[PDB]
Structure formats: structure tokens, C-alpha cells
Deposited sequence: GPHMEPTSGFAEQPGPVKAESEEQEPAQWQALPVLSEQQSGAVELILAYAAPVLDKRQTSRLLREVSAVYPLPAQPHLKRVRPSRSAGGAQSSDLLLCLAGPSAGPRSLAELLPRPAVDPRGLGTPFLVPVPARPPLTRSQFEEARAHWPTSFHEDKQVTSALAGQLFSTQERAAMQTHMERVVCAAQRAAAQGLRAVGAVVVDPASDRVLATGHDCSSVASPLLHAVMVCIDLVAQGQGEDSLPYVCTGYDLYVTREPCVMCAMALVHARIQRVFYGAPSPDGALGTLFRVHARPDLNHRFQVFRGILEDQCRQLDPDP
């Protein structure tokens, strides 16, 4: 039992902003399909495709009713009638009630606590599926197994794997290897070295473009920044690290001033990973 949390920038972690739109009740349930077609051909809402156009509502007895998302509100959002909002003959407003203003999410939700606030106002589009969840689990039991091997040997208990999501082919597994002679062989630095030596003669030095990295615990500053330099596309990790740079102390995967950004999900097999070693 576990769940994947997105680490987004502070800017994107806040509440989704709202904008005002006009909605109207569907008093004739059997006009719904027809009215949805005619309305969203006039008001296709091209910049808010995450909004569902039909909002259901279960009565206190299960009796269902619905309002329809007519259009966005203008600069002066006063009361507005059906005759003023929907042109004719292009729309036949039979079956609709008097329009009303409703706040709606301006942008699609990203975090699951943002889906919560946003579905409160108006239903939206959207975490991981069964098939994917099991697959991400397999890659993370692999890093855990690797972290345990390092702990038994005498090294830091940090496991990393690099995976190609196009074929789900593991490209490099490695654990921490820091020694007195070689103190910077953190789990992430070892995987980047392993992918690097395995790539072909015609390769750009962005050794990790497109690839996913799963690591037991969140990378240190050195590892994280290297991931940005290497152009990893997604990073999954289990437990945070106190000095971690993908969510704890820094969020280098989501800065504007670096020429690369990437998604980070924390909390995958976190129950197991939490008892392992933090980076560094």
C-alpha cells in the first residue's frame, strides 16, 4: 500500500485559481445530449478542455439532475439570461433554466489535493492506473533489493535504476558505492556513468533524455543537479532525504532558470524505502 505524490514547484503547488463562467440547469434530462452538442459548438471553451461540460448532482434521494457549462463570463459578469448568452437559431434553449455564475478551475488540476478543491467547484479531467502502478512497483522493488545489497556489503543503502518507458527495459541498476578513495559514487552518479558507457557512438551527452529514474530515496543536491544536466524526464523516489534537492530543500526539477525541467513523484513503496539511507 502506497501512493504517488507529485512534487511541483511552489508556484504550481498552490490552489488552482478560478474564473467565472455561466452555467444553466438542465430541467429536461432528455435534452441533455442535444443541448451539449449545440452549446459547445458555439462555446467550445478552447482554453479550458479540462472542464467537463455537464455537472451531475445526486439529490438527497439519489434523484439526479444536471447543469450545463454554457460559456466563460465576460469582463462584467452580471446576471445574464438564456436569450443573451446563446444565439439562435444556432442554439435551441429548450430544456434549460435561468443561467447563473459559477466559479470554475482556470487550469487543470495536477496534485490530488488540487483535484479535490477543483472538483468541488466543477468536474474536471485528470493518478496512476493499475497496470502502471504494478510496473512502477517492480522497478522500485529492484532499487530496494539493490539498496539492501549495499547495506550488507558496507556501503550506503541507496538503490537506483534507469528505465526506458518506451519498452520498459531496465538500462542500469546500481547502488551507492562511495568509498574512501571514491567518495562521490552516489547511487545516481553510478547509474549516469552506467548509461553513459552503454550508449552508442552517435549520442548527444544528454545521456538520460527520455528516460525514467527510480531511486530508493530522494537525491542530494549533487545528484539532482546532475539529473538536470543529464536531462532525465521523470524521477520516482520513495522516501525524502533531509538534504534532498527534488522536493525537500530544493526543487531543481522545476525551476524556470534551468534549461530543463522534469516531473518528480515521491512516495512509491515509501513504506519500505523509509528505513533505508538518505542521500548523501
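Inset, instruction - Please list, in sequence order, every stretch of the deposited sequence that lacks C-alpha coordinates. - result: Missing from the model are residues 1-27, 154-166.
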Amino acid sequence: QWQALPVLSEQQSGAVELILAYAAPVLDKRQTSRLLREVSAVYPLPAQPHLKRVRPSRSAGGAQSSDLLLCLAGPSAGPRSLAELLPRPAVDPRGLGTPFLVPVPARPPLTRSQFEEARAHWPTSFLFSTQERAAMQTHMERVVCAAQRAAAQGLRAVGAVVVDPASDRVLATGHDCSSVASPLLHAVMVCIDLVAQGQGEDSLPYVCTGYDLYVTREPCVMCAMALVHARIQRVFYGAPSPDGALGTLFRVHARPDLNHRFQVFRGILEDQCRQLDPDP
From here on, numbers count along this sequence of modelled residues.
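Inset, instruction - Tell me which of 175-183 and 113-121 has the higher mean C-alpha B-factor in the deposited entry. - result: Per the PDB entry, the higher value belongs to 113-121.
Inset, instruction - On mean C-alpha B-factor from the PDB entry, just flag whether 90-98 or 127-135 is the higher one. - result: Mean B over CA atoms: larger for 127-135.
Inset, instruction - Could you tell me which one of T216, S66, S59, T248 shows the highest CA temperature factor in the PDB record? - result: The record points to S59.
Inset, instruction - Kindly indicate the residue among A150, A160, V104, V170 with the greatest C-alpha B-factor in the PDB record. - result: Max CA B-factor in the entry, restricted to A150, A160, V104, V170: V170.
Legend entry - Position of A23 among the chain's modelled residues by C-alpha B-factor, lowest, middle or highest third: It belongs to the lowest third of the chain when residues are ordered by C-alpha B-factor.
Inset, instruction - Would you mind checking where the Cα B-factor of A166 ranks among the modelled residues of its chain, as the lowest, middle or highest third? - result: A166: CA B-factor falls in the highest third of its chain.
Inset, instruction - Ordered by C-alpha B-factor within the chain, which third holds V195? Give me lowest, middle or highest, please. - result: According to the entry, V195 has a C-alpha B-factor in the chain's middle third.
Inset, instruction - For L82, return the chain-relative third of its C-alpha B-factor as stated in the PDB record: lowest, middle or highest. - result: For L82, whose C-alpha B-factor we compare with every modelled residue in the chain, the answer is the lowest third.
Legend entry - Chain thirds of CA B-factor: placement of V207: Tercile = highest for this residue's CA B-factor.
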